[PDB]
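Undergrad: Protein chains in written order, with the UniProt record's numbering: chain A, 12 to 125; chain B, 656 to 772; chain C, 141 to 195, 207 to 303; chain D, 2 to 64, 80 to 150; chain E, 1155 to 1267, 1278 to 1298; chain F, 362 to 537; chain G, 5 to 54, 93 to 180. Okay, handing you the structure first.
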Amino acid sequence: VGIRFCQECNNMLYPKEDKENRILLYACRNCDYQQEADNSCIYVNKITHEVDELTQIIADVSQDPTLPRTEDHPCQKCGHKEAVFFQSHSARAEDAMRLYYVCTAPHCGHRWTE
Amino acid sequence: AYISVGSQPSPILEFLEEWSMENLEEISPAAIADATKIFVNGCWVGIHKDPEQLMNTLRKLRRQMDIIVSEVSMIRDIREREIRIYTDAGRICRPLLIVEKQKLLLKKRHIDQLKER
Amino acid sequence: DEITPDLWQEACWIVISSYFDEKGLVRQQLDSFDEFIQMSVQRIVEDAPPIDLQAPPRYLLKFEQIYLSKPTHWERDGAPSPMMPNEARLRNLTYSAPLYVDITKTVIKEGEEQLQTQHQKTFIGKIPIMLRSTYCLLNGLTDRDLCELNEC
Amino acid sequence: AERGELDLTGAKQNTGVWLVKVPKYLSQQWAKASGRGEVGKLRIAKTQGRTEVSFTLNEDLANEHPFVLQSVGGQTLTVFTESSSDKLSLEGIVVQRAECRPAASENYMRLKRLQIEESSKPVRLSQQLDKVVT
Amino acid sequence: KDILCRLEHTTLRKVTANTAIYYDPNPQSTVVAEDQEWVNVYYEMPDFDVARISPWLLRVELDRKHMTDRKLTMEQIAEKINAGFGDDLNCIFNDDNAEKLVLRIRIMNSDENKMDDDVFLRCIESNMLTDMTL
Amino acid sequence: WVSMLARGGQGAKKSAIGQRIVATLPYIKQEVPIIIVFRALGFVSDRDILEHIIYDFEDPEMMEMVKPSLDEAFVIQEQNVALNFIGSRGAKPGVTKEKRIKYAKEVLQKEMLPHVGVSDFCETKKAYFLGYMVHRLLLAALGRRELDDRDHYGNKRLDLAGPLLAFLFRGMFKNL
Amino acid sequence: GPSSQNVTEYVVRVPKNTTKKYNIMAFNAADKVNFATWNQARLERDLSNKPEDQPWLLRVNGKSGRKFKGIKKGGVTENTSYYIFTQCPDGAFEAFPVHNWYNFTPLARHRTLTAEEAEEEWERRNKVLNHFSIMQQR
Ligand SMILES: [Zn+2]
Ligand SMILES: [Zn+2]
C-alpha cells in the first residue's frame, strides 16, 4: 500500500520478486536499484472505501462563521460546551446525512461523530 | 451592486511578503501540506501557517483603507486551506453592513452625520 | 449609540440615500472608462517596446507620456472648438478627444555621437469619450451649467 | 586544485550560520549608514523552557525587532561565496532560520502607506489638456 | 424478490468489500493468523494444486450485508469464478460462519511450473470485479 | 486544460492502471501526458514531480491516482527529451531537433500559464501551479472537492467599457 | 543553572562591501544530502545554452558523485532582504546580503532513453508490457 522511491535517482519503486530467494523486492526501472520489501502487500483496493471522514475534517473549520454551532454536544476531550457540526458532503459516499462535530475551543481541534 | 474596476496587486503582494508569508520559491514541498496556499489574482504566491491572523489583518487593512482598497476580495477557504485575494476588474460586489459580536458597527452617530449629508 | 428597531427603517434609507448621492446609477460605466483613459491607455503606451530601426545609423523611438484634450470639433476652415454633446447629436459628430503622446527620438550614427530629440504631444488619434466621465466636457458642471448647454 | 573546484573547508569545520529575513526599512537604514561599523545589537534571552531572540535598532541609526525562529528540518541550506579572484568557497551550513517583524501594530501601516505612495510615484498616468494642441 | 435477484445484474464489485494482493511466498503462513485458521484446512489435503502454485496471492474480502441482500453463497462465487476462468485460477474461501468472508485467488500451477505475474493478477482483479457476472 | 481520461476504454492494461492525466497546452495539436510537461519544466525524478502534485505523501489514495500517469511518461526520463516531445506536436513542424526543443521551451516559457510567469526563471512557479491544477483534478476525481459551477458569479467577470476599450487600444496601438 | 536564565547580547556589523559575494545554496530535504562524503566538489556554469545569466551546474566527486544543477530563483526580493549571521571570536554578529538564491536538484546518472529511441517506444503507447524489461534492452 505504501509508496517508495529509490535512494539513487528518486524514481518510483515498483514491486518485483527474486526466484532465487523467493522474497518480495522493490526495483527501480531506470536505475536497476533494488530494495528489500517489508510490507508484503503490493496494493489494496477499497471498493467500499469507508474512509473515516474524521481524518479528512480540518480542525480549522471551527473558525467558519457560516457553520452552525451547538452547545448540546460538549467536547469529549476538553469538555467545551460549544461545538460546530456539519455534514460530510463528500462524493463517492452514496449517502451522507450524519453530522460531524468539531470542538470550537481554540487549541483543541477535537472531532467526533455522534 | 458595483463592478470592481481593478487595481494593482503590488501593494498586497508587498504586504504579504512583509507579513509572515513564506515565498513559494524558498519553501520545501513538504511544508505545503500544513500551511494554507495564498493566491493573489489566481497566482499562487506563497503559503501561510497562520491563516486566521492573516485574514483578520487583511480585513482590518481593507476596512481602514490602509493598503487594501475597498474593492479587493479576500476569500479564505478554511476546508481547502486556501486564501484567495482578488484585485482585478469585472468582479461584481455590493455594500454590506459589518457586524461584530451580533452588533452593527453602524451606530446612531453615523446616521446623524449622514442626515446632515 | 445604537440604532433601535423603531429607527432602523429611517436609518437604513439614509445610508442608501448617501450611496446614490455619491455613486449614482451608472458608476460602473464611468469608473471603468475613467480607468481606461487614466491608466490603461498610459500603460499600453508604456508597455509598448521601443521601436528600433537599423538599416549604419540606428534610430530609437519611445512613447513617454499620454495627453488627452477636451472633446474638440474642427470646422471646415480648420478652427478647433469644444464639441458639446448636444452638437454631436444634432450634427452627427463623434464625441471624441484628441490623443497626444510624447515621443523621444534618439539616433546613433556609429560616430560615438547620440542625438536625442523629443516630439512633445504628438497627435496619434482621437478617443471617443464617455459622457459625464472625468474627461467629458460635462464633468464637474453644476446642474445649472448643464441646462445652459441644453443637457438634461 | 582547479578553477572549477569548490573549497569545502567551511563544511568540514561544521560552521553554523543563521538565515534571517529582514524588512526593507531595517535594510534601508543599514544601507543609509553605508557600513559605519555598527547598526545595532542582537539580544538573546533563554529561559528554563523557552528562548527569546530580539534585535535592537541603533539610536543613532533611527535618527524593538523581535525575532521568530523557524524549523530548519524542512531544508538543508548552505552558504557559498564567489570571490572576486574566481575562487568559489563554501562559507558553511545554515543551522537556524529566523524572521524579523516590526513592533508597531497600526502606526507601522502609516510608513507602508508612504512606501506604497513612493512605489507608485513613478506610475505615470494620462494627463488632461485644457486646450487642443496646436 | 427471488425473481428480482435473478434479474438485477450482480458483478463481483457489488458484494466485494476490498481486494488486496500480497506476495505470499509460503502458502502455509500466508499473510496473518486470520487466514492461518482456515487456510491450513484446505492445505492439509489439497487437490489439483499440490503440483505447484503461483507466488502472488489475490485476497478478496466480501461484504456480508451485500452478500446477504442478494443471497449469494461463497461456493457459488467460487464455482462462478472457476467456471469463468476454468483451471486458470485456484480459489480458496473460508466458511460462512467466520465473521469475515475471504476468498484467496491464485494463478494456475502449470503456468508457474509472459507479461508479468503481479500485473496479470491485477488485470484479473479488475476483470473479475466488473466484467465477471455473478 | 488538464484532463483525466475516462474509464470507458476497456483493456487489460488500461483497466489495471486506471485513468491517466493529459494536458492540452496551447499551440499543440494533440494532448500531452501531464508527467511529460513536468519533465519539460525541469523536474525528472518522480519524487520531485509528485512533490509538486501531492503535498502529503502519507495519503495513499491520491498517490495511486497519479501512478497511471507516471507509467505513460516512463519512456521520457530527460528534460530535453520531454521538450522535444512537446515540440514535435508544435504549431509548425520542427525541421531539426534543436528547433523542436527551442520551440517547446518557447511555448512553456510564455504560452503556458502566462499569468504565473513569462520569464525564463518561472519554471518552478509554473511547476507548482501546474501541480496545483493536477492536485485540484485529483481532488475532484477522488470526490474530496466539489466540481466547480460555471453559473457561479464568483467564477465570472464583467467586461465593462474600460477593459473593452483597452483591448481594442492595444491592437490599434500595435498597428500604429 | 545559568542556562535557565541565560541572557546574551551581541553587536551587529554591516560591512559596506565584501570582496566575495554571498549566495544561497539550497537542497531538498528528501534528497538526503551528506556533506561528509563531499571529498571533492566542482561548481561550473552549464554549457546547455552554448554566463552570468545562465543556470549553474554543480558536480561532486567528479562523475562518481552526485551531480546537481542549480537554477536562479525567479522571484525578486525588491521588498525583502536576506542576511547571514556568522559567529566570530569578537562576538559581534556580521550580516552579509545574499547576491542570489539558487536551487540545486540532483541529476540521475544512468542510461537514459534517447529522443530518437523514445519515438520507437511511443508505438507501444499503452500496449507496453513488463515495464521492467524496457531498460534491460537499453
Ligand atoms: Zn532509481
Ligand atoms: Zn474540545
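Built from N, CA and C at the ideal position, the CB exists for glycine as well.
Can you round the beta-carbon distance between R731(B) and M710(B) to whole angstroms, since I take them to be within the 8 Å contact cut?
TA: 5 Å
Undergrad: Any heavy atom of ligand 1 inside 6 Å of the beta-carbon of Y44(A)?
TA: yes
Undergrad: Considering only their Cβ atoms, is the gap separating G276(C) from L244(C) smaller than 7 Å?
TA: Against a cut-off of 7 Å, the Cβ pair of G276(C) and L244(C) comes out as no contact.
Undergrad: Can at least three beta-carbon pairs, one atom from the stretch 516-529 of chain F and one from the stretch 163-177 of chain C, be found at a separation below 8 Å?
TA: Yes, the stretch 516-529 of chain F is in contact with the stretch 163-177 of chain C.
Undergrad: Consider the Cβ of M1199(E): report whether some Cβ of chain G lies at a distance smaller than 7 Å.
TA: no
Undergrad: Find the residues of chain F that neighbour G116(G), judging by a C-beta separation of less than 9 Å, and give them in chain order.
TA: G478, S480, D481, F482, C483, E484, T485 and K486
Undergrad: Is the Cβ-Cβ distance between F404(F) and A488(F) less than 7 Å?
TA: yes
Undergrad: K756(B) by DSSP, collapsed to three states: which one?
TA: Coil, per DSSP.
Undergrad: Start and end of the beta strand (DSSP E) containing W1210(E)?
TA: Where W1210(E) is concerned, there is no enclosing beta strand (DSSP E), given that its DSSP letter is neither H nor E.
Undergrad: Output yes or no for whether 7 Å exceeds the beta carbon distance between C42(A) and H152(G).
TA: yes
Undergrad: Which residues of chain A have a Cβ atom closer than 7 Å to the Cβ of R1167(E), listed in chain order?
TA: In chain order: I58.
Undergrad: Which stretch, first to last residue, makes up the alpha helix (DSSP H) that contains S1264(E)?
TA: Looking at the DSSP string, the run of the alpha helix (DSSP H) that includes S1264(E) is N1263 to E1266.
Undergrad: Since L99(G) contacts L7(D) with CB under 8 Å, what's their CB separation in whole angstroms?
TA: No, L99(G) and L7(D) are not in contact; Cβ-Cβ is about 12 Å, not under 8 Å.
Undergrad: In terms of DSSP beta bridges, what is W19(D) paired with?
TA: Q112(D) and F127(G)
Undergrad: With a threshold of 8 Å on Cβ separation, who are the neighbours of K471(F) within its own chain once the five nearest residues in sequence on each side are excluded?
TA: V479
Undergrad: Can you find a CB in chain F that lies within less than 7 Å of the CB of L751(B)?
TA: no
Undergrad: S135(D) by DSSP, collapsed to three states: which one?
TA: helix
Undergrad: For the candidate residues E681(B), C698(B) and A690(B), whose alpha-carbon lies nearest to that of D417(F)?
TA: Closest option to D417(F), Cα to Cα, is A690(B).
Undergrad: Which of the three DSSP states is assigned to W42(G) in this structure?
TA: coil
Undergrad: Please check the pair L106(D) and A12(D), which I expect to be a contact at CB under 8 Å, by giving their CB distance rounded to whole angstroms.
TA: Beta-carbon to beta-carbon, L106(D) and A12(D) are separated by about 5 Å, close enough to satisfy the 8 Å threshold.
Undergrad: Where does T10(D) fall in DSSP's three states?
TA: helix
Undergrad: Give the range of the alpha helix (DSSP H) segment to which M423(F) is assigned.
TA: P421 to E433
Undergrad: Per DSSP, what kind of secondary structure is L769(B) in: helix, strand or coil?
TA: helix
Undergrad: Tell me which same chain residues have a C-beta within less than 6 Å of the C-beta of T285(C), skipping the five on either side of it?
TA: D174
Undergrad: Hey, quick one: how far does the beta strand (DSSP E) through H141(G) stretch, first residue to last?
TA: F135 to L149
Undergrad: Where do the N-terminal and C-terminal ends of the alpha helix (DSSP H) with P706(B) fall, by residue?
TA: From DSSP, the alpha helix (DSSP H) with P706(B) extends over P706 to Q719.
Undergrad: Which residues bound the alpha helix (DSSP H) around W123(A)?
TA: Note, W123(A): premise wrong, no alpha helix (DSSP H); beta strand (DSSP E) at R122 to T124.
Undergrad: On the DSSP letters alone, give me the boundaries of the beta strand (DSSP E) that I1246(E) sits inside.
TA: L1243 to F1247
Undergrad: Measure the C-alpha to C-alpha separation of residue 356(F) and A465(F) and round it to an integer number of angstroms.
TA: Coverage of chain F is limited to positions 362 through 537, which leaves residue 356(F) absent and any answer about it impossible.
Undergrad: Compare the Cα-Cα distances from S135(D) to each of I658(B), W699(B), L668(B) and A656(B) and report the closest residue.
TA: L668(B)
Undergrad: Could you please give the first and the last residue of the uninterrupted beta strand (DSSP E) stretch that includes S449(F)?
TA: No beta strand (DSSP E) contains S449(F), which is instead part of the alpha helix (DSSP H) from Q440 to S449.
Undergrad: Return yes when at least one heavy atom of ligand 2 lies under 6 Å from the C-beta of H91(A), else no.
TA: For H91(A), the shortest separation between its Cβ and any heavy atom of ligand 2 lies below 6 Å.
Undergrad: Quick one: which unbroken beta strand (DSSP E) runs of 3-plus residues sit fully inside the stretch 212-273 of chain C? Chain order, please.
TA: 223-225, 231-233 and 247-259
Undergrad: In terms of residue numbering, what span does the alpha helix (DSSP H) encompassing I410(F) cover?
TA: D407 to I414
Undergrad: Examine ligand 2 and report whether any of its heavy atoms sits within less than 6 Å of the Cβ of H121(A).
TA: yes
Undergrad: Whole alpha helix (DSSP H) runs in the stretch 1170-1230 of chain E with 4 or more residues, listed along the chain?
TA: DSSP runs (the alpha helix (DSSP H)) wholly in the stretch 1170-1230 of chain E: 1187-1198 and 1218-1224.
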